[PDB]
Amino acid sequence: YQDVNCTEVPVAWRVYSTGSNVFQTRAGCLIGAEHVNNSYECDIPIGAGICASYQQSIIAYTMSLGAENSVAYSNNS
Amino acid sequence: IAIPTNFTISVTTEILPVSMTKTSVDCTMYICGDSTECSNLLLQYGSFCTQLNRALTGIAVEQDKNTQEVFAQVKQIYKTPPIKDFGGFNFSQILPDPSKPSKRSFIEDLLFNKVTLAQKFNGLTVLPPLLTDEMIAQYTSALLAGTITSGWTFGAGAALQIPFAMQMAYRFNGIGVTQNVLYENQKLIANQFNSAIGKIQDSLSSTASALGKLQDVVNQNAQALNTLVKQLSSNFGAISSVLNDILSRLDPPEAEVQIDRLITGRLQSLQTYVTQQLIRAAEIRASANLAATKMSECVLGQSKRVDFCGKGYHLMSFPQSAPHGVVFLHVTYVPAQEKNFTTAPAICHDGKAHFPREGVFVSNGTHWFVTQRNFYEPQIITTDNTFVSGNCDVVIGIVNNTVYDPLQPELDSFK
Amino acid sequence: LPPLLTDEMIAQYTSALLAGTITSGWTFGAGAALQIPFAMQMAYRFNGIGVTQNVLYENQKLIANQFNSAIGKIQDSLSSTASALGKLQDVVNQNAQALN
Amino acid sequence: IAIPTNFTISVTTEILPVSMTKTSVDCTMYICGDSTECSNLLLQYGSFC
Amino acid sequence: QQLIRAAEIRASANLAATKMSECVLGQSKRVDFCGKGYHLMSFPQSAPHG
Amino acid sequence: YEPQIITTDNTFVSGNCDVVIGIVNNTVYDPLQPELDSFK
Ligand SMILES: *[C@@H]1O[C@H](CO)[C@@H](O)[C@H](O[C@@H]2O[C@H](CO)[C@@H](O)[C@H](O)[C@H]2NC(C)=O)[C@H]1NC(C)=O
Ligand SMILES: *[C@@H]1O[C@H](CO)[C@@H](O[C@@H]2O[C@H](CO)[C@@H](O)[C@H](O)[C@H]2NC(C)=O)[C@H](O)[C@H]1NC(C)=O
Ligand SMILES: *[C@@H]1O[C@H](CO)[C@@H](O[C@@H]2O[C@H](CO)[C@@H](O)[C@H](O)[C@H]2NC(C)=O)[C@H](O)[C@H]1NC(C)=O
Ligand SMILES: *[C@@H]1O[C@H](CO)[C@@H](O[C@@H]2O[C@H](CO)[C@@H](O)[C@H](O)[C@H]2NC(C)=O)[C@H](O)[C@H]1NC(C)=O
Ligand SMILES: *[C@@H]1O[C@H](CO)[C@@H](O[C@@H]2O[C@H](CO)[C@@H](O)[C@H](O)[C@H]2NC(C)=O)[C@H](O)[C@H]1NC(C)=O
Ligand SMILES: *[C@@H]1O[C@H](CO)[C@@H](O[C@@H]2O[C@H](CO)[C@@H](O)[C@H](O)[C@H]2NC(C)=O)[C@H](O)[C@H]1NC(C)=O
Ligand SMILES: *[C@@H]1O[C@H](CO)[C@@H](O)[C@H](O)[C@H]1NC(C)=O
Ligand SMILES: *[C@@H]1O[C@H](CO)[C@@H](O)[C@H](O)[C@H]1NC(C)=O
Ligand SMILES: *[C@@H]1O[C@H](CO)[C@@H](O)[C@H](O)[C@H]1NC(C)=O
Ligand SMILES: *[C@@H]1O[C@H](CO)[C@@H](O)[C@H](O)[C@H]1NC(C)=O
Ligand SMILES: *[C@@H]1O[C@H](CO)[C@@H](O)[C@H](O)[C@H]1NC(C)=O
């Protein structure tokens with residue numbers, strides 16, 4: 001539900017509005033997905049850096065830009 | 001002929017818009033606004049609102065496509081080493097600064113502070129971008145780290161290390177200047193680069209009108225939206241611009257006419273807004289394509305195209321992020337302090353004509369030398385830097401001189 | 001409305017560009033203009049395409065004659081042809097037609 | 001292999017448009033024309049012009 | 001219609017500026033960008049609107 | 001990667017050993033010396 005508090009969602013199908021898995025993003029209120037602490041490549045763009053995917057059930061995560069890498073810089077290598 | 005005897009290093013800035021705010025308008029909420037009579041009358045017009053919504057949604061998706069095309073050009077997230085020994089070059093003002101909030105740099109903070117200037121309305125929504133500003137800053141940081149640590153190798157395959165001075169020697173060799181000029185003038189070149197970088201922030205700190213294009217785009221979008229909102233207080237020939245007054249003060253059968261009169265005008269306003277939005281989006285897409293080409297061809301490599309990246313001979317380029325666009329800092333080489341000499345196309349010796357392998361013949365008035373074409377560095381005309389072809393009675397402009405043979409002294413003294 | 005730059009100013013710009021490229025080469029596009037004899041500049045340009053300098057210097061008269069003949073042919077082509085401008089006219093037509 | 005033994009110098013023409021005529025139109029003179037009643041009626045249509 | 005046509009005219013002007021910069025002020029290695037064959041040089045002339 | 005021996009044919013000389021920063025001491029082979037020793 002775009003740009004709306006998760007509080008007044010059910011006031012204005014009825015199982016997809018209950019407070020089982022309710023997440024407050026910056027694009028709106030998301031109901032039906034579990035918020036994990038991991039990061040993967042984006043699958044379905046939700047917005048403001050939040051993506052969603054299917055992995056069992058549906059999960060919502062923060063996008064990861066790529067794999068870290070430090071180059072072995074030296075002044076004579 | 002005229003040949004330069006010194007040079008300067010110049011850094012210049014270029015500004016390019018890449019994205020545009022994603023807006024959405026609900027057709028029925030804008031036209032009718034909580035009135036069942038208006039909605040039932042508007043049902044008679046077919047599927048105009050579906051077309052308008054589809055057009056706006058396409059415009060909205062195109063912006064994220066533009067940003068992804070321009071910035072997401074690096075496979076991994078590269079980092080700079082904790083120790084910074086780059087041969088005297090100082091990148092402190094463009095590398096990320098982590099004491100302060102966010103991972104922005106000094107110049108990026110100046111750019112974001114400089115560009116500064118709606119609300120919730122009847123049917124108007126603004127959608128957030130897919131990539132936040134931190135992720136764009138992190139892309140730019142990765143690109144800078146890669147180009148400083150590996151050169152142009154990370155744009156083709158895996159990144160390979162190289163000391164910075166050797167990389168810049170490569171880059172001098174790529175514009176027609178030998179490696180001598182760099183290693184013998186390293187401190188001066190580093191000082192010139194540092195001074196130019198320091199001047200960039202002064203130029204874009206006090207002066208504000210440099211970021212004209214970004215503010216122009218923002219102002220145009222705001223003005224269009226404001227005009228669309230203000231068009232809701234016109235009666236278009238009806239008795240009033242409010243549907244409640246029309247419904248209360250008149251019964252339906254002759255309220256139909258006034259409602260239709262309002263509906264036609266509001267449809268026309270929405271259509272003109274959507275059409276101008278489509279045209280502006282096409283222009284922004286062209287700009288973003290140009291910006292992506294510049295990032296691919298000037299940050300990830302060295303460009304031979306004239307004036308494509310700065311004025312002069314392109315050495316290298318660095319990217320920075322702006323509110324809704326990108327900034328390129330182009331480092332180029334500019335020859336200076338020219339001197340004036342006399343030339344000849346070939347030299348006749350022993351009845352044969354000699355041409356220079358990679359330079360030009362010059363003379364200071366009495367004696368003849370061979371030099372580079374872009375820097376004065378005279379040398380003795382020997383048989384190792386010239387090649388012979390034909391006799392010397394066919395070329396126009398032949399002058400007489402002697403060509404040194406290095407092997408003659410060694411096979412005369414030692415026989 | 002009349003354009004800001006008149007035709008004489010555009011002709012002046014074109015003449016300046018032409019003189020700069022004839023007298024300096026490509027040096028005036030980077031910094032100050034550096035003079036160079038024309039034949040040596042053409043030798044540079046032959047090196048730029050993978051042909052050595054002696055090829056230019058030993059066939060200078062023939063190359064000059066061919067260039068002069070081509071320049072002569074281009075003006076005869078422009079004058080004799082009925083309609084060679086094409087696109088430039090086309091744009092104009094469109095605008096006028098819409099206005100009508 | 002085939003290798004050339006002579007050459008030719010060729011001059012070619014390219015033509016490109018760069019601008020078009022700057023034309024200006026105003027509504028009130030076009031739509032109504034020196035008429036107060038028509039302009040007063042047109043004022044009810046907002047800010048199209 | 002006028003706006004849609006002006007966009008195309010602007011694209012042509014951008015291409016002309018690129019050719020002026022890369023073929024009159026330099027020697028170009030891009031194939032068929034300036035003529036057919038191996039590019040040597042280029043000269044500009046003015047036209048009533050081009 | 002295709003290493004070669006450092007000779008005077010694949011290098012060029014210019015300047016002293018003071019101005020450049022990361023100089024390393026080594027030897028540059030001369031192809032003329034063996035035949036000049038074998039043929040006076
Ligand atoms: C290289 O070889 C020269 C002579 O064959 C020799 O002098 C260098 O030793 C040191 O080089 C330093 C240059 O940075 C110089 O400052 C120092 O005085 C010198 N030592 C002596 C005893 O002369 C050789 N270089 C190295 C690194 O061994
Ligand atoms: C090339 O130009 C540089 C200037 O960028 C000259 O360096 C300056 O020289 C003057 C006089 O010796 C000093 O007062 C300045 O402090 C120098 N500037 C810097 C940044 O070091 C340099 O001398 C010139 N080269 C030649 C051969 O004239
Ligand atoms: C690179 O330049 C920055 C300035 O742009 C240098 O930082 C300054 O360092 C001096 C001496 O340590 C301080 O007094 C200043 O307060 C610093 N300025 C800022 C803005 O931090 C930095 O030292 C330079 N890099 C090197 C290696 O010298
Ligand atoms: C042109 O350059 C040559 C070589 O640098 C100059 O010849 C030298 O002149 C100085 C001063 O008279 C002598 O000490 C050297 O022995 C000369 N070198 C020679 C002859 O090989 C010559 O003077 C310069 N001509 C000018 C500047 O007009
Ligand atoms: C360049 O060298 C040629 C060859 O020596 C000169 O031509 C000779 O000039 C002398 C006089 O100095 C005559 O006696 C000879 O008959 C000429 N020809 C030959 C084959 O020796 C020539 O004069 C010199 N100078 C120039 C400007 O070409
Ligand atoms: C290369 O082509 C040129 C141009 O055709 C040849 O020059 C012509 O030669 C013939 C016969 O000698 C003359 O009748 C023409 O007048 C020449 N043309 C010009 C423009 O001078 C040249 O001979 C050719 N080179 C070869 C075949 O080696
Ligand atoms: C609604 O969402 C905003 C944004 O997170 C939050 O600050 C606020 O506490 C929420 N609740 C209300 C009643 O505004
Ligand atoms: C994610 O980690 C934070 C602490 O950084 C914690 O507060 C939060 O509960 C975690 N979320 C889940 C789903 O475990
Ligand atoms: C040599 O070139 C200089 C420009 O650096 C010029 O001022 C001078 O007049 C020239 N010498 C001549 C024309 O004799
Ligand atoms: C250059 O021009 C002069 C005339 O000032 C002439 O005497 C000389 O022969 C010419 N040299 C060449 C190589 O064309
Ligand atoms: C590399 O850095 C180290 C540490 O500062 C220094 O001792 C060494 O001389 C440097 N080498 C070169 C080639 O600059």
# chains A, B, ... in the order shown; residues from 1 in each chain; ligands from 1
call {"tool": "select_by_dssp", "arguments": {"residues": "chain A", "states": "strand (DSSP E or B)", "output": "VMD selection string"}}
result
chain A and resid 2 22 to 24 28 to 31 34 to 35 44 to 47 50 to 54 58 to 62 68 to 70
call {"tool": "residues_around", "arguments": {"residues": "residue 5 (chain F)", "least_positions_apart": "6", "cutoff": "12 Å", "atoms": "only C-alpha atoms", "output": "JSON, numbers by chain"}}
result
{"F": [11, 26, 27, 28, 29, 30, 31]}
call {"tool": "residues_near_ligand", "arguments": {"ligand": "ligand 2", "cutoff": "12 Å", "atoms": "only C-alpha atoms and all ligand atoms", "output": "mmCIF file with N, CA, C and O atoms, in the first residue's frame"}}
result
data_model
loop_
_atom_site.group_PDB
_atom_site.id
_atom_site.type_symbol
_atom_site.label_atom_id
_atom_site.label_comp_id
_atom_site.auth_asym_id
_atom_site.auth_seq_id
_atom_site.Cartn_x
_atom_site.Cartn_y
_atom_site.Cartn_z
ATOM 1 N N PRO B 4 56.504 23.594 -28.522
ATOM 2 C CA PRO B 4 56.370 24.005 -27.122
ATOM 3 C C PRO B 4 57.501 23.480 -26.253
ATOM 4 O O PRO B 4 58.039 22.395 -26.469
ATOM 5 N N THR B 5 57.855 24.279 -25.246
ATOM 6 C CA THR B 5 58.935 23.940 -24.331
ATOM 7 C C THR B 5 58.475 23.709 -22.899
ATOM 8 O O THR B 5 59.313 23.414 -22.042
ATOM 9 N N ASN B 6 57.182 23.828 -22.612
ATOM 10 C CA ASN B 6 56.663 23.568 -21.278
ATOM 11 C C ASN B 6 55.225 23.083 -21.417
ATOM 12 O O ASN B 6 54.702 22.948 -22.525
ATOM 13 N N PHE B 7 54.568 22.850 -20.284
ATOM 14 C CA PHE B 7 53.198 22.364 -20.318
ATOM 15 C C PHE B 7 52.483 22.734 -19.030
ATOM 16 O O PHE B 7 53.102 23.133 -18.041
ATOM 17 N N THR B 8 51.160 22.603 -19.064
ATOM 18 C CA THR B 8 50.312 22.747 -17.892
ATOM 19 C C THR B 8 49.324 21.591 -17.835
ATOM 20 O O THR B 8 48.981 20.987 -18.856
ATOM 21 N N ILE B 9 48.884 21.281 -16.622
ATOM 22 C CA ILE B 9 47.873 20.265 -16.365
ATOM 23 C C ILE B 9 46.602 20.992 -15.963
ATOM 24 O O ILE B 9 46.618 21.802 -15.030
ATOM 25 N N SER B 10 45.501 20.721 -16.658
ATOM 26 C CA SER B 10 44.251 21.419 -16.387
ATOM 27 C C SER B 10 43.144 20.421 -16.088
ATOM 28 O O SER B 10 43.012 19.408 -16.779
ATOM 29 N N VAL B 181 59.713 12.643 -20.047
ATOM 30 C CA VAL B 181 59.155 13.916 -19.611
ATOM 31 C C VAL B 181 58.436 13.777 -18.280
ATOM 32 O O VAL B 181 58.396 14.724 -17.487
ATOM 33 N N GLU B 184 61.127 12.808 -15.070
ATOM 34 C CA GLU B 184 62.009 13.923 -14.760
ATOM 35 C C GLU B 184 61.260 15.164 -14.301
ATOM 36 O O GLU B 184 61.899 16.155 -13.942
ATOM 37 N N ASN B 185 59.929 15.136 -14.302
ATOM 38 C CA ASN B 185 59.116 16.286 -13.924
ATOM 39 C C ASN B 185 57.969 15.858 -13.023
ATOM 40 O O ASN B 185 56.886 16.448 -13.050
ATOM 41 N N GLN B 186 58.187 14.824 -12.209
ATOM 42 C CA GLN B 186 57.092 14.245 -11.432
ATOM 43 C C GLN B 186 56.547 15.231 -10.403
ATOM 44 O O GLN B 186 55.328 15.383 -10.255
ATOM 45 N N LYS B 187 57.441 15.911 -9.679
ATOM 46 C CA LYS B 187 57.004 16.817 -8.621
ATOM 47 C C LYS B 187 56.208 17.987 -9.181
ATOM 48 O O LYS B 187 55.188 18.382 -8.609
ATOM 49 N N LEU B 188 56.666 18.560 -10.295
ATOM 50 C CA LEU B 188 55.958 19.684 -10.896
ATOM 51 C C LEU B 188 54.564 19.278 -11.355
ATOM 52 O O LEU B 188 53.593 20.011 -11.138
ATOM 53 N N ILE B 189 54.445 18.110 -11.987
ATOM 54 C CA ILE B 189 53.146 17.647 -12.463
ATOM 55 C C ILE B 189 52.206 17.396 -11.290
ATOM 56 O O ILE B 189 51.020 17.752 -11.335
ATOM 57 N N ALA B 190 52.722 16.789 -10.218
ATOM 58 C CA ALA B 190 51.896 16.565 -9.036
ATOM 59 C C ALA B 190 51.434 17.881 -8.424
ATOM 60 O O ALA B 190 50.273 18.012 -8.020
ATOM 61 N N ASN B 191 52.327 18.871 -8.352
ATOM 62 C CA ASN B 191 51.951 20.171 -7.803
ATOM 63 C C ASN B 191 50.876 20.844 -8.647
ATOM 64 O O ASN B 191 49.924 21.419 -8.108
ATOM 65 N N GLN B 192 51.017 20.792 -9.973
ATOM 66 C CA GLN B 192 50.010 21.392 -10.842
ATOM 67 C C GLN B 192 48.659 20.711 -10.673
ATOM 68 O O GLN B 192 47.619 21.381 -10.616
ATOM 69 N N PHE B 193 48.654 19.378 -10.591
ATOM 70 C CA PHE B 193 47.401 18.660 -10.385
ATOM 71 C C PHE B 193 46.756 19.050 -9.061
ATOM 72 O O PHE B 193 45.542 19.288 -8.996
ATOM 73 N N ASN B 194 47.554 19.121 -7.993
ATOM 74 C CA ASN B 194 47.012 19.472 -6.686
ATOM 75 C C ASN B 194 46.432 20.879 -6.692
ATOM 76 O O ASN B 194 45.351 21.117 -6.138
ATOM 77 N N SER B 195 47.131 21.824 -7.321
ATOM 78 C CA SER B 195 46.637 23.196 -7.380
ATOM 79 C C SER B 195 45.336 23.289 -8.169
ATOM 80 O O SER B 195 44.411 24.006 -7.769
ATOM 81 N N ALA B 196 45.242 22.578 -9.296
ATOM 82 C CA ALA B 196 44.012 22.619 -10.084
ATOM 83 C C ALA B 196 42.838 22.015 -9.319
ATOM 84 O O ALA B 196 41.719 22.552 -9.343
ATOM 85 N N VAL B 334 48.113 20.473 -21.620
ATOM 86 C CA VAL B 334 48.098 21.645 -22.482
ATOM 87 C C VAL B 334 49.524 22.134 -22.703
ATOM 88 O O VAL B 334 50.173 22.582 -21.757
ATOM 89 N N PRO B 335 50.053 22.085 -23.923
ATOM 90 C CA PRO B 335 51.406 22.604 -24.159
ATOM 91 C C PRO B 335 51.462 24.116 -24.015
ATOM 92 O O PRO B 335 50.465 24.817 -24.199
ATOM 93 N N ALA B 336 52.649 24.622 -23.686
ATOM 94 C CA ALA B 336 52.806 26.039 -23.394
ATOM 95 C C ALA B 336 54.248 26.457 -23.647
ATOM 96 O O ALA B 336 55.154 25.624 -23.733
ATOM 97 N N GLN B 337 54.441 27.773 -23.760
ATOM 98 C CA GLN B 337 55.752 28.401 -23.938
ATOM 99 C C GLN B 337 56.447 27.907 -25.207
ATOM 100 O O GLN B 337 57.517 27.301 -25.170
ATOM 101 N N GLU B 338 55.825 28.203 -26.342
ATOM 102 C CA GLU B 338 56.350 27.778 -27.627
ATOM 103 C C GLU B 338 57.565 28.609 -28.028
ATOM 104 O O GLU B 338 57.717 29.772 -27.647
ATOM 105 N N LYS B 339 58.436 27.986 -28.813
ATOM 106 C CA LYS B 339 59.610 28.623 -29.384
ATOM 107 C C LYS B 339 59.632 28.349 -30.879
ATOM 108 O O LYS B 339 58.980 27.423 -31.366
ATOM 109 N N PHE B 375 57.223 18.361 -27.650
ATOM 110 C CA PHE B 375 58.073 18.798 -26.553
ATOM 111 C C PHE B 375 59.483 18.951 -27.098
ATOM 112 O O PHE B 375 59.950 18.097 -27.852
ATOM 113 N N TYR B 376 60.152 20.035 -26.720
ATOM 114 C CA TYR B 376 61.477 20.319 -27.254
ATOM 115 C C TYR B 376 62.529 19.513 -26.502
ATOM 116 O O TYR B 376 62.743 19.719 -25.305
ATOM 117 N N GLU B 377 63.188 18.602 -27.213
ATOM 118 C CA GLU B 377 64.244 17.768 -26.637
ATOM 119 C C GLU B 377 65.190 17.357 -27.754
ATOM 120 O O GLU B 377 65.090 16.256 -28.308
#
call {"tool": "residues_near_ligand", "arguments": {"ligand": "ligand 7", "cutoff": "9 Å", "atoms": "only C-alpha atoms and all ligand atoms", "output": "list in words"}}
result
residues 3, 4, 5, 6, 7, 8, 24, 25, 26, 28 and 29 of chain A
call {"tool": "residues_near_ligand", "arguments": {"ligand": "ligand 6", "cutoff": "9 Å", "atoms": "only C-alpha atoms and all ligand atoms", "output": "VMD selection string"}}
result
(chain C and resid 61 to 66 69) or (chain D and resid 5 to 8)
call {"tool": "write_last_selection", "arguments": {"atoms": "N, CA and C atoms", "output": "PDB file, in the first residue's frame"}}
result
ATOM      1  N   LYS C  61      53.742  16.496 -56.226  1.00  0.00           N
ATOM      2  CA  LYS C  61      53.084  17.168 -57.342  1.00  0.00           C
ATOM      3  C   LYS C  61      51.824  16.429 -57.772  1.00  0.00           C
ATOM      4  N   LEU C  62      51.895  15.101 -57.851  1.00  0.00           N
ATOM      5  CA  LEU C  62      50.735  14.318 -58.260  1.00  0.00           C
ATOM      6  C   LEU C  62      49.590  14.467 -57.267  1.00  0.00           C
ATOM      7  N   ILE C  63      49.899  14.431 -55.970  1.00  0.00           N
ATOM      8  CA  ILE C  63      48.866  14.565 -54.948  1.00  0.00           C
ATOM      9  C   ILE C  63      48.236  15.950 -55.000  1.00  0.00           C
ATOM     10  N   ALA C  64      49.059  16.988 -55.168  1.00  0.00           N
ATOM     11  CA  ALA C  64      48.523  18.341 -55.282  1.00  0.00           C
ATOM     12  C   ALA C  64      47.610  18.472 -56.494  1.00  0.00           C
ATOM     13  N   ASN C  65      48.017  17.901 -57.630  1.00  0.00           N
ATOM     14  CA  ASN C  65      47.186  17.960 -58.829  1.00  0.00           C
ATOM     15  C   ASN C  65      45.865  17.228 -58.630  1.00  0.00           C
ATOM     16  N   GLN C  66      45.899  16.053 -57.999  1.00  0.00           N
ATOM     17  CA  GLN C  66      44.663  15.313 -57.761  1.00  0.00           C
ATOM     18  C   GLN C  66      43.722  16.088 -56.851  1.00  0.00           C
ATOM     19  N   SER C  69      42.156  18.920 -58.857  1.00  0.00           N
ATOM     20  CA  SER C  69      41.147  18.426 -59.787  1.00  0.00           C
ATOM     21  C   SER C  69      39.858  18.044 -59.067  1.00  0.00           C
TER      22      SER C  69
ATOM     23  N   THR D   5      49.196  -0.593 -55.537  1.00  0.00           N
ATOM     24  CA  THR D   5      50.404   0.036 -56.044  1.00  0.00           C
ATOM     25  C   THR D   5      50.231   1.508 -56.383  1.00  0.00           C
ATOM     26  N   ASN D   6      49.042   2.075 -56.195  1.00  0.00           N
ATOM     27  CA  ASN D   6      48.805   3.484 -56.471  1.00  0.00           C
ATOM     28  C   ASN D   6      47.690   3.959 -55.547  1.00  0.00           C
ATOM     29  N   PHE D   7      47.325   5.233 -55.648  1.00  0.00           N
ATOM     30  CA  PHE D   7      46.302   5.770 -54.761  1.00  0.00           C
ATOM     31  C   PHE D   7      45.540   6.878 -55.470  1.00  0.00           C
ATOM     32  N   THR D   8      44.517   7.377 -54.783  1.00  0.00           N
ATOM     33  CA  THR D   8      43.657   8.433 -55.288  1.00  0.00           C
ATOM     34  C   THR D   8      43.234   9.309 -54.118  1.00  0.00           C
TER      35      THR D   8
END
call {"tool": "closest_atom_pairs", "arguments": {"of": "chain D", "to": "chain E", "cutoff": "6 Å", "atoms": "only C-alpha atoms", "output": "JSON lines"}}
result
{"residue": "D:16", "atom": "CA", "partner": "E:50", "partner_atom": "CA", "distance": 5.6}
{"residue": "D:17", "atom": "CA", "partner": "E:50", "partner_atom": "CA", "distance": 4.1}
{"residue": "D:18", "atom": "CA", "partner": "E:13", "partner_atom": "CA", "distance": 4.5}
{"residue": "D:19", "atom": "CA", "partner": "E:49", "partner_atom": "CA", "distance": 5.7}
call {"tool": "write_last_selection", "arguments": {"atoms": "C-alpha atoms", "output": "tab-separated table (two decimals), in the first residue's frame"}}
result
chain	number	residue	atom	x	y	z
D	16	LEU	CA	23.62	18.87	-42.28
D	17	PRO	CA	20.82	21.16	-41.05
D	18	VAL	CA	21.47	23.04	-37.82
D	19	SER	CA	18.49	25.38	-37.22
call {"tool": "interface_residues", "arguments": {"of": "chain C", "to": "chain D", "cutoff": "9 Å", "atoms": "only C-alpha atoms", "output": "ChimeraX atom specification"}}
result
/C:1-3,63,66-67,70-71,74,85-88,91-92,95
call {"tool": "residues_near_ligand", "arguments": {"ligand": "ligand 3", "cutoff": "6 Å", "atoms": "only C-alpha atoms and all ligand atoms", "output": "list in words"}}
result
residues 90, 92 and 93 of chain B
call {"tool": "write_last_selection", "arguments": {"atoms": "N, CA and C atoms", "output": "PDB file, in the first residue's frame"}}
result
ATOM      1  N   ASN B  90      47.473  13.934  -4.691  1.00  0.00           N
ATOM      2  CA  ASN B  90      46.617  14.016  -3.515  1.00  0.00           C
ATOM      3  C   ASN B  90      45.161  13.960  -3.957  1.00  0.00           C
ATOM      4  N   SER B  92      42.563  13.561  -1.736  1.00  0.00           N
ATOM      5  CA  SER B  92      41.826  13.571  -0.477  1.00  0.00           C
ATOM      6  C   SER B  92      40.449  14.209  -0.613  1.00  0.00           C
ATOM      7  N   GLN B  93      40.269  15.121  -1.567  1.00  0.00           N
ATOM      8  CA  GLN B  93      39.008  15.842  -1.678  1.00  0.00           C
ATOM      9  C   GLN B  93      37.978  15.154  -2.561  1.00  0.00           C
TER      10      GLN B  93
END
call {"tool": "residues_near_ligand", "arguments": {"ligand": "ligand 9", "cutoff": "10 Å", "atoms": "only C-alpha atoms and all ligand atoms", "output": "ChimeraX atom specification"}}
result
/B:1-4,337-342 /C:32-35
call {"tool": "write_last_selection", "arguments": {"atoms": "N, CA, C and O atoms", "output": "mmCIF file, in the first residue's frame"}}
result
data_model
loop_
_atom_site.group_PDB
_atom_site.id
_atom_site.type_symbol
_atom_site.label_atom_id
_atom_site.label_comp_id
_atom_site.auth_asym_id
_atom_site.auth_seq_id
_atom_site.Cartn_x
_atom_site.Cartn_y
_atom_site.Cartn_z
ATOM 1 N N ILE B 1 58.687 26.539 -38.028
ATOM 2 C CA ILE B 1 57.890 25.715 -37.130
ATOM 3 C C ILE B 1 57.898 26.341 -35.742
ATOM 4 O O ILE B 1 58.756 27.161 -35.407
ATOM 5 N N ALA B 2 56.916 25.948 -34.932
ATOM 6 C CA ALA B 2 56.849 26.321 -33.526
ATOM 7 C C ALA B 2 56.686 25.067 -32.683
ATOM 8 O O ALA B 2 55.843 24.218 -32.986
ATOM 9 N N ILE B 3 57.483 24.956 -31.627
ATOM 10 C CA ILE B 3 57.496 23.769 -30.775
ATOM 11 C C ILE B 3 57.378 24.202 -29.318
ATOM 12 O O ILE B 3 58.083 25.125 -28.895
ATOM 13 N N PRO B 4 56.504 23.594 -28.522
ATOM 14 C CA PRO B 4 56.370 24.005 -27.122
ATOM 15 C C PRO B 4 57.501 23.480 -26.253
ATOM 16 O O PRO B 4 58.039 22.395 -26.469
ATOM 17 N N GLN B 337 54.441 27.773 -23.760
ATOM 18 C CA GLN B 337 55.752 28.401 -23.938
ATOM 19 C C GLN B 337 56.447 27.907 -25.207
ATOM 20 O O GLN B 337 57.517 27.301 -25.170
ATOM 21 N N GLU B 338 55.825 28.203 -26.342
ATOM 22 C CA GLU B 338 56.350 27.778 -27.627
ATOM 23 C C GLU B 338 57.565 28.609 -28.028
ATOM 24 O O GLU B 338 57.717 29.772 -27.647
ATOM 25 N N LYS B 339 58.436 27.986 -28.813
ATOM 26 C CA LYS B 339 59.610 28.623 -29.384
ATOM 27 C C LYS B 339 59.632 28.349 -30.879
ATOM 28 O O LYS B 339 58.980 27.423 -31.366
ATOM 29 N N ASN B 340 60.391 29.160 -31.600
ATOM 30 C CA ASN B 340 60.307 29.236 -33.049
ATOM 31 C C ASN B 340 61.616 28.825 -33.717
ATOM 32 O O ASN B 340 62.691 29.344 -33.405
ATOM 33 N N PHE B 341 61.502 27.871 -34.645
ATOM 34 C CA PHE B 341 62.652 27.225 -35.261
ATOM 35 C C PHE B 341 62.433 27.151 -36.767
ATOM 36 O O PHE B 341 61.354 27.465 -37.274
ATOM 37 N N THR B 342 63.464 26.709 -37.485
ATOM 38 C CA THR B 342 63.378 26.447 -38.914
ATOM 39 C C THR B 342 63.602 24.964 -39.181
ATOM 40 O O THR B 342 64.375 24.302 -38.483
ATOM 41 N N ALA C 32 47.324 27.237 -28.014
ATOM 42 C CA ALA C 32 47.735 28.238 -28.984
ATOM 43 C C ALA C 32 48.072 27.577 -30.317
ATOM 44 O O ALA C 32 48.533 26.436 -30.377
ATOM 45 N N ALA C 33 47.832 28.314 -31.396
ATOM 46 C CA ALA C 33 48.099 27.807 -32.732
ATOM 47 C C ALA C 33 49.595 27.807 -33.007
ATOM 48 O O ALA C 33 50.272 28.820 -32.812
ATOM 49 N N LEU C 34 50.108 26.670 -33.465
ATOM 50 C CA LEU C 34 51.521 26.491 -33.771
ATOM 51 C C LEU C 34 51.667 26.298 -35.273
ATOM 52 O O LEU C 34 51.040 25.403 -35.847
ATOM 53 N N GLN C 35 52.493 27.124 -35.906
ATOM 54 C CA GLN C 35 52.611 27.079 -37.355
ATOM 55 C C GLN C 35 53.414 25.863 -37.810
ATOM 56 O O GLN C 35 54.239 25.320 -37.075
#
call {"tool": "atom_distance", "arguments": {"atom1": "CA of residue 36 (chain C)", "atom2": "CA of residue 23 (chain C)"}}
result
6.6 Å
